[PDB]
DNA sequence: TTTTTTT
């Protein structure tokens, strides 16, 4: 029934090699042993988990090859049976565990106090897993291959079971954290002795009968009582990773795959971001009754080892490099959509929105949003959609949306228990709306509920803090000078006031402009790079945006007085400019607020500790250019 | 057993009689070794002619048909032994040795009574090899099986393994295996299941509805599930025709058990498919002789003209639209920049004409000429549906008509009758080459459009855009716009009447006059093969001269005050470059000729400013 | 239950 098959691997010698590697391996190339230092941290309880790097094992095997000693191929044997090798790794960690350099606070650890007492009363008494307070993990092998190469859900195969492997795909959902009894401790009063049971299955049958030798000697039939303070418990969480849309074949739906995340690895993931997680693919045993029907067919799962989501001194150095390159605001603006030619003012406004303004909350309770919102109004074929998609790609958490593609309620929060909508997915990001003119005013009301106050009201509520961007075509598909600017915008004055700035661009034939645009476009076609200033990398651009946001500049007396004078001037200019052809909308105290946020964003991009009158004038100039683009005609 | 050993020896004798089968098993093994070294490993499954097994031993072939459980297992064991002997099996993995993959056997061709349909399937076919063909339906999602629950007793040093068998998976009936991992080893040490060492083969059981045409009127087509394993799993999907060589198997108590008091239920019957064959009923096939002929055709002075004249040869007066259709069939070159900007590999053409102008007939001919095409009618077409589709199913997303055949061209009748909102959803396909709903579906498909004037009769006084229902932005989104409408001329009417009379006078070879049916031009399959060969072997790229020609053409289109079907744009410049790549693809040239770019710009000029 | 949307 059990035909033994000798295989070209010996677990004893492999574990001896693992224990040797734990003590010998050190980050000398990066520079006691590094693994020994991690073990000492775990002994101090400063480290609650262990992660064994497959690249470290490969480097140790290469060192053994240089020494001439034959490598046990530990890195490859991990790919062979990582689940089996993990127990040997834990045993080697127990063997090579240093004494705690720092006190473990054993008195606070009721389990430790009771463990000393139980050993004294007893004088593998308790499970080694119960003795261990750390969780093993495996770092994916460095590229130089199943673990190193990420896989899709459909790409994964049943042969990959028992093997460490990395996967790529959208996280469909994450199960709520639940306790997991790694070891259940049973206690019986009749014996006075504790009996431990180690649970390694999805479900367990309680002992329900005292196994204590004291109860056996007394002949009493004791009723075991589980103790939460004595039984080991570990957080258990599940994740559903679904295949990336590119990985999905045409005409096929991506498949979500359940993943088991336990211990310190629990709660690490968020559904919004794509994750590249290396984990030992393993079968999921069926229950008894369901397995009787399933037969040889078996369920499967993945136990994550190393989790990585796509999206300091180095960041500070990069920001300093951008500052040394200089003119950072205009440089980032030109870096936005380098393939697109022109629209530098729109790019600068987009960069200001990306940096955002300072969010202010008064002591009395008033809260003024610091997030900036922008709108783009342009004739067809002016790269409105292209610029919006480029901005969405620039935003790590931003979401691109279309007015016809998604309902306003669905974008704010799509009803199926509530689930986050496109705006919630745009939390700490920028929600982009393509063809915003086509979007219905009914959904625009839902957008207006959130633009003025970040929170969403439905009951269920979410903070929904984000920056709003909109791209709209002018009424009848193109701008009409006979139509007023407000008529061509075709938007509510509430929307205009909630928006910090709206940009109007017109398509006017021009020989030199056509020649320059054709030159840039032909250069882009013949060579993917734009002809010409070098755009900053998107990672450094996002880092600079975060560094600007960290500044949080405050207004000064001179800047505030100048902004008040500008507010009076704008109100008077609206009172005199009731002519619809020249009227862009009445002056707004809230708009001066939006102006305050834009000045704060400019001072953030300049990294000024306080807002500057130059920043306020630059924001006013952005609005002035928004009007002057139409004035030029 | 002993008969199974005799069958193993006889199947080894069959493999000796047909050296190609043993060579194919060894070729799978050698390819597996070479591909394991290079990195893509061939499954250990072998398909042989049923007539070949009959030639080796008619008794063996008929015996496999009569008792597949008794014969096919021993025959596959013989094939596996031959494969194990032939294979070098260098550096085998412990998991691979645990897998011990059997060499599957399948019979091909000459099925006869074994060839079957679900309605014609019989209880006598149960426990007998058969071949069943029908439309697939209700295919099961792939679920991993378990060849053996390999385990390892703790500290014992020995890996105890427990095999599991399934009656559907094994043609022979067997007492059910526990299918439960042992809690403790036979030695008494605690037993832990060995993941990885345990072997899991994907298993899928797909029902196969009888073909709806084969289904009797007043009756629903019968459906018989076919077991699939390893590569056979997920071989076909519901709604797709398939033929599977599989042994029908009686199964279950069928009311014989004491629990079934009524005993009305019959014994469960599930076919166990040795192999699954998807069936077209397409895709053109290219051979070396046809490739040399295609090279000669490209060497012809007007290769694009020859291909266009071959396209829709019976259609009259739409030859320029057919040249544009050949350019669209090439599609141009698709480019993905390091910046991420996308250049479309598809060209969209629109032609407006009165009903019975045969512009929609030319569009239908283009749908037939394309190996894959999407058909829609503007009165019955919704652009939201073309961009994406929604199924109630949680709801399951469905590809839109434009998203369907995302590489292939889409021919639309009455495109002017299609609404402007539908045209905006189509513009998402035309320019962005992708559709966003929050689900996103790629929509890079070419959109050939048959349309009619809004008045129903084209007017020369009316602008072409005014006659077209599409907006000027939509016309710009289209790579080409045409005005082919019905007209009355005397000589042309005599010619068209002679053409219709010639279509009537055309005689099918099998049907004589008075019997109902049922300068050189490449045959339609050969021209489809030429287009496929263009896309497969030629990737035209912009040259300096051709690029300058396209740029100057776009600049002059933007500069000229003469009326155009669509406003000139940088998108029109990109369309001119793509059409140049399409003409060069028809030419099978890696670099687009400057004259080819000028000819594509001439097609675009015929599309916009006027006939050119 | 509650959207969602096709009848």
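Protein chains in written order, with the authors' numbering: chain 7, 4 to 34, 60 to 151, 190 to 210, 219 to 385, 394 to 498, 507 to 548, 554 to 627, 630 to 730; chain 3, 18 to 56, 90 to 331, 338 to 449, 454 to 497, 503 to 583, 648 to 741.
Virtual Cβ for every residue (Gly too), placed ideally from N, Cα, C.
Exercise. Would a C-beta distance cut-off of 7 angstroms place residue 100 (chain 7) and residue 238 (chain 7) closer than the cut-off?
Worked result: To locate residue 100 (chain 7), count along the first chain from 1; it is residue 72. To locate residue 238 (chain 7), count along the first chain from 1; it is residue 164. Against a cut-off of 7 angstroms, the Cβ pair of residue 238 (chain 7) and residue 100 (chain 7) comes out as no contact.
For this session: Name, please, each residue of chain 3 whose Cβ falls closer than 8 angstroms to the Cβ of residue 510 (chain 7).
Result: Taking the first chain and counting its residues from 1, the one referred to as residue 510 (chain 7) is at position 420. Chain 3 residues near residue 510 (chain 7): none, gap ~11 angstroms exceeds 8 angstroms.
For this session: Identify whether residue 635 (chain 7) lies in helix, strand or coil by the three-state DSSP scheme.
Result: On the first chain, position 538 is the one that residue 635 (chain 7) refers to. Helix.
For this session: Examine chain 7 for any beta-carbon lying closer than 7 angstroms to the beta-carbon of residue 716 (chain 3), and answer yes or no.
Result: Residue numbering aside, residue 716 (chain 3) sits at position 587 when the second chain is read from its first letter. No, residue 716 (chain 3) lies away from the interface with chain 7 (no Cβ there is under 7 angstroms from its Cβ).
For this session: Name, going along the chain, the residues of the region 218-234 of chain 3 whose beta-carbon falls closer than 7 angstroms to a beta-carbon of chain 7.
Result: Residues of the region 218-234 of chain 3 whose Cβ lies closer than 7 angstroms to any Cβ of chain 7, in chain order: 219, 229, 230 and 231.
For this session: Kindly indicate the opening and closing residues of the beta strand (DSSP E) around residue 313 (chain 7).
Result: As a working note, residue 313 (chain 7) is residue 239 in the first chain. 306-316 is the extent of the beta strand (DSSP E) around residue 313 (chain 7).
For this session: Could you please tell me which residues of the region 310-334 of chain 7, in chain order, have their CB closer than 7 angstroms to any CB of chain 3?
Result: So the close ones are 319, 324, 325 and 327.
For this session: Specify the secondary structure class of residue 104 (chain 3) as computed by DSSP and reduced to three states.
Result: As a working note, residue 104 (chain 3) is residue 54 in the second chain. Residue 104 (chain 3): helix per DSSP, three-state reduction.
Exercise. If you measure from the beta carbon of residue 304 (chain 3) to each beta carbon in chain 7, is any gap under 7 angstroms?
Worked result: As a working mapping, residue 304 (chain 3) is identified with position 254 in the second chain. The Cβ of residue 304 (chain 3) sits no closer than 7 angstroms to any Cβ of chain 7.
Exercise. From residue 332 (chain 7) to residue 147 (chain 3), what does the alpha carbon distance come to, in whole angstroms?
Worked result: Position 258 of the first chain, counted from the start, is the residue given in the question as residue 332 (chain 7). Position 97 of the second chain, counted from the start, is the residue given in the question as residue 147 (chain 3). Here the alpha carbons of residue 147 (chain 3) and residue 332 (chain 7) stand approximately 29 angstroms from one another.
Problem set entry | Cβ of residue 616 (chain 7) within 7 angstroms of any chain 3 Cβ | Here residue 616 (chain 7) refers to the residue found at position 521 when the first chain is read from its first residue. Answer yes: the Cβ-Cβ gap between residue 616 (chain 7) and chain 3 drops below 7 angstroms somewhere.
For this session: Would you list the one or two residues that DSSP bridges to residue 522 (chain 7)?
Result: Here residue 522 (chain 7) refers to the residue found at position 432 when the first chain is read from its first residue. Its beta-bridge partners are 482 (chain 7) and 564 (chain 7).
Exercise. Ends of the alpha helix (DSSP H) at residue 280 (chain 3)?
Worked result: Residue numbering aside, residue 280 (chain 3) sits at position 230 when the second chain is read from its first letter. For residue 280 (chain 3), there is no enclosing alpha helix (DSSP H), as DSSP gives it neither H nor E.
Exercise. Start and end of the alpha helix (DSSP H) containing residue 611 (chain 7)?
Worked result: On the first chain, position 516 is the one that residue 611 (chain 7) refers to. Start and end: 606-621.
For this session: Using a Cβ-Cβ cut-off of less than 9 angstroms, give me the residues of the region 339-358 of chain 7 that come near chain 3, in sequence order.
Result: Within the region 339-358 of chain 7, the residues whose Cβ lies closer than 9 angstroms to some Cβ of chain 3 are 354, 355, 356 and 357, listed in chain order.
Exercise. At what residues does the alpha helix (DSSP H) containing residue 560 (chain 3) begin and finish?
Worked result: Reading the second chain from its first residue, position 495 is the one you call residue 560 (chain 3). Following the DSSP letters along the chain, one finds residue 560 (chain 3) inside the alpha helix (DSSP H) bounded by residues 555-570.
Exercise. Are the C-beta atoms of residue 365 (chain 7) and some chain 3 residue less than 7 angstroms apart?
Worked result: As a first step, residue 365 (chain 7) must be located in the first chain, where it is residue number 291. Yes, contact with chain 3.
Problem set entry | Interfacial residues, the region 476-497 of chain 3 to chain 7, with Cβ spacing under 9 angstroms | The residues in question are 481, 484, 485, 488, 491, 492, 495, 496 and 497.
For this session: Mind checking who residue 187 (chain 3) pairs with in its DSSP beta bridge?
Result: Position 137 of the second chain, counted from the first residue, corresponds to residue 187 (chain 3). DSSP, once it has assigned bridges, lists 257 (chain 3) as partnering residue 187 (chain 3).
Problem set entry | Selected residue, minimal CA-CA separation from residue 284 (chain 3), among 396 (chain 3), 189 (chain 3), 479 (chain 3) and 26 (chain 3) | Along the second chain, read from residue 1 onward, the residue named residue 284 (chain 3) stands at position 234. It is 189 (chain 3) whose Cα lies nearest to the Cα of residue 284 (chain 3).
Exercise. Taking DSSP as the reference, what is the three-state secondary structure of residue 682 (chain 7)?
Worked result: In the first chain, residue 682 (chain 7) corresponds to position 585, counting from 1. It is coil, neither helix nor strand.
For this session: Look at the Cβ atom of residue 57 (chain 3), then the Cβ atom of residue 115 (chain 3), and state whether they are nearer than 7 angstroms.
Result: The structure shown gives no position for residue 57 (chain 3): in chain 3, residue numbering passes from 56 to 90 with nothing in between.
Exercise. Residues of chain 7 with CB under 8 angstroms from residue 706 (chain 3), in chain order?
Worked result: Here the question's residue 706 (chain 3) lines up with position 577 in the second chain. Within 8 angstroms Cβ-Cβ: 620.
Exercise. Out of 367 (chain 3), 488 (chain 3) and 510 (chain 3), which has the shortest C-alpha to C-alpha gap to residue 403 (chain 3)?
Worked result: Within the second chain, numbered from 1, the residue matching residue 403 (chain 3) stands at position 347. Closest by alpha carbon: 510 (chain 3).
Problem set entry | Anticipated Cβ contact below 8 angstroms, residue 134 (chain 7) with residue 75 (chain 7), distance rounded | Along the first chain, read from residue 1 onward, the residue named residue 134 (chain 7) stands at position 106. Along the first chain, read from residue 1 onward, the residue named residue 75 (chain 7) stands at position 47. The distance from the Cβ of residue 134 (chain 7) to that of residue 75 (chain 7) is about 17 angstroms, inconsistent with a contact at the 8 angstroms cut-off.
Problem set entry | Exposure label - residue 392 (chain 3); buried when at least 16 CB within 10 Å | Position 336 of the second chain, counted from the first residue, corresponds to residue 392 (chain 3). Residue 392 (chain 3) comes out exposed.
Exercise. What are the residues of the region 147-164 of chain 3 that lie near chain 7, defined by any Cβ-Cβ distance shorter than 9 angstroms?
Worked result: Answer set for the region 147-164 of chain 3: 147, 148 and 149.
For this session: Run down chain 3 in chain order and give the residues with a C-beta less than 8 angstroms from the C-beta of residue 624 (chain 7).
Result: Taking the first residue of the first chain as position 1, residue 624 (chain 7) is located at position 529. The answer, in chain order, is 394 and 395.
Problem set entry | Cβ of residue 427 (chain 3) within 7 angstroms of any chain 7 Cβ | Walking along the second chain from the start, residue 427 (chain 3) turns up at place 371. So, not an interface residue.
Exercise. Going along the chain, which residues of its own chain have a beta-carbon closer than 6 angstroms to the beta-carbon of residue 709 (chain 7), five neighbours each way excluded?
Worked result: Taking the first chain and counting its residues from 1, one reaches residue 709 (chain 7) at position 612. Hits under 6 angstroms: 700.
Exercise. Any C-beta of chain 3 sitting closer than 7 angstroms to the C-beta of residue 111 (chain 7)?
Worked result: Mapped onto the first chain, residue 111 (chain 7) falls at position 83. Chain 3 contact via Cβ: present.
Exercise. Which of helix, strand or coil does DSSP assign to residue 489 (chain 3)?
Worked result: If you number the second chain from 1, residue 489 (chain 3) lands on position 429. In this structure, residue 489 (chain 3) counts as helix in the three-state DSSP scheme.
Exercise. Is the number of C-beta pairs between the region 633-651 of chain 7 and the region 728-736 of chain 3 that are closer than 8 angstroms three or more?
Worked result: As far as the Cβ criterion goes, the region 633-651 of chain 7 does not touch the region 728-736 of chain 3, which means the pair count is below three.
Problem set entry | Under 7 angstroms between C-beta atoms of residue 81 (chain 7) and residue 205 (chain 7) | Sequence index remark: in the first chain, residue 81 (chain 7) carries index 53 (1-based). Sequence index remark: in the first chain, residue 205 (chain 7) carries index 139 (1-based). In this structure, the beta-carbon distance from residue 81 (chain 7) to residue 205 (chain 7) falls below 7 angstroms.
Problem set entry | Contacts around residue 544 (chain 7), its chain only, beta-carbon distance under 8 angstroms, and the 5 residues preceding and following it disregarded | Position 454 of the first chain, counted from the start, is the residue given in the question as residue 544 (chain 7). So the list reads 451, 453, 558, 559, 560 and 561, once near-sequence residues are dropped.
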